[PDB]
Amino acid sequence: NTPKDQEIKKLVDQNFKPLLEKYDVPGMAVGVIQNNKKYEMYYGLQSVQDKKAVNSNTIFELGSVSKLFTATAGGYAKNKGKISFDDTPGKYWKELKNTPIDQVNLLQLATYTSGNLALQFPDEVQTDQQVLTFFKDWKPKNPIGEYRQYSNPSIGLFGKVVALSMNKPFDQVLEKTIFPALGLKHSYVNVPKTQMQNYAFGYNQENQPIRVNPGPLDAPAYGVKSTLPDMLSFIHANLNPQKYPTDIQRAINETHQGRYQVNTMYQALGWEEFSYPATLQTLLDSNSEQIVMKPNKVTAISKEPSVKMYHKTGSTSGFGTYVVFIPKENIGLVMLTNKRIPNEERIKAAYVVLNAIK
Ligand SMILES: *[B@]([O])([C]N1[C]=C(C([O])=O)N=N1)OP([O])([O])=O
């Protein structure tokens, strides 16, 4: 009596559409996948000044959602026997052999527990030589493996090592191995010249057009750009890893395994994981200022839930992202915007929508 696509569109109109007026967001793409059926909704503008509408070809910056691809690459490397997560970075980047950072293992780098790595590198660290010097000069502070501090250089180094173990630069690991194994045709570390017309402007807090800056180990930490249909296919792969060849299948499953907890949030590789059903507050608590910006002592997982859900937020100066999936209900959602909006508004809108869909 109302077809499913219109029902889902109404729910997205009720929950996501009013964020555009509220936060003055020029463009948004929202997608839902349910049982192998894809629903794409597009709003507004990819470029205000060009009058170019958001559409299925629009390329957005994923920000930290990029960490999911880095995690998947690490899982691919591990399950191919190219790395072990108990290895240290000096085994692959030989100039770090026997330095203090070589006491930190790959898993601890992927999951932000070195005990002394902050959200960003210092501004001055830009070149490959400066990055190396930075890690050579690094010294411990907190006990290794016990304190989570969410960190671009931590998972950046992880990404770098993964690339070294596969004998390819990190951009090539994604663009030539991992994106094609996931079936993504419109995802990039470096958007090529012939695709730049599809690359949206981001918009800052004064609605001024901006794009992400080049940075040290930017690609593995926050450097991937993709379209809505590609992101939906990524969510499809996470929902149905058993439909992919062994190597990328094991890779995807590797990203799902929780390693530790901070209260109700289980840190997997890239993904944050929760006991399902999850309350809205549990999901909101995961991205509190205290969790995101400060050190938190981790605990051993002492209740492993049978059924989980998984999410990740991403932001660049000019773009917001949120991806969530619930294997049990065979359903997932992607939101891409070309202006940041509060993490709380993303998580809540997707919660309402996903819980309402018949
Ligand atoms: B990632 O995109 C990393 N990130 C966020 C910021 C910021 O707030 O400026 N800098 N780096 O996003 P997140 O915090 O995991 O959603």
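We number each residue from 1, following the sequence as shown. Below, each value reflects all heavy atoms present in this structure, side chains not excepted, and no hydrogens, waters or symmetry copies. Both counts, for ligands and for their atoms, begin at 1 and track the order of listing.
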Is it true that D13 and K9 have a side-chain N and a carboxylate O under 4.0 angstrom from each other?
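Answer for the salt bridge query: yes.
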
Full working for salt bridge (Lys or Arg N to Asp or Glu O under 4.0 Å) between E95 and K160
CA-CA 13 Å; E95 294 80 357; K160 216 246 189 284; over 6 Å; no

Assess, by modelled atom type and distance only, whether the side chains of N79 and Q249 contain a donor and an acceptor separated by less than 3.5 Å.
no

Return yes if a side-chain donor-acceptor contact under 3.5 Å exists between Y244 and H236, otherwise no.
yes

So which atom in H186 and which in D230 form the shortest heavy-atom distance, rounded to 0.1 Å?
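In this case the closest contact between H186 and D230 is N-OD2, 2.7 Å.
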
Give every pair formed by an N or O atom of ligand 1 and a protein N or O atom closer than 3.5 Å, one pair per line with both atom names and the distance to 0.1 Å, or write none.
| from | atom 1 | to | atom 2 | distance (Å) |
| --- | --- | --- | --- | --- |
| ligand 1 | 2 (O) | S64 | N | 2.7 |
| ligand 1 | 2 (O) | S64 | OG | 2.4 |
| ligand 1 | 2 (O) | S315 | N | 3.1 |
| ligand 1 | 2 (O) | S315 | O | 2.7 |
| ligand 1 | 8 (O) | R340 | NH2 | 3.1 |
| ligand 1 | 9 (O) | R340 | NH1 | 3.4 |
| ligand 1 | 10 (N) | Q120 | NE2 | 3.0 |
| ligand 1 | 11 (N) | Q120 | NE2 | 3.3 |
| ligand 1 | 11 (N) | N152 | ND2 | 3.3 |
| ligand 1 | 12 (O) | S64 | OG | 2.6 |
| ligand 1 | 15 (O) | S64 | OG | 3.2 |
| ligand 1 | 15 (O) | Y150 | OH | 2.3 |
| ligand 1 | 15 (O) | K312 | NZ | 2.9 |
| ligand 1 | 16 (O) | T313 | O | 3.3 |
| ligand 1 | 16 (O) | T313 | OG1 | 2.7 |

Residue among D102, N105, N98 satisfying side chain to side chain donor-acceptor pair (under 3.5 Å) with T88:
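Answer to the side chain to side chain donor-acceptor pair (under 3.5 Å) test with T88 among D102, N105, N98: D102.
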
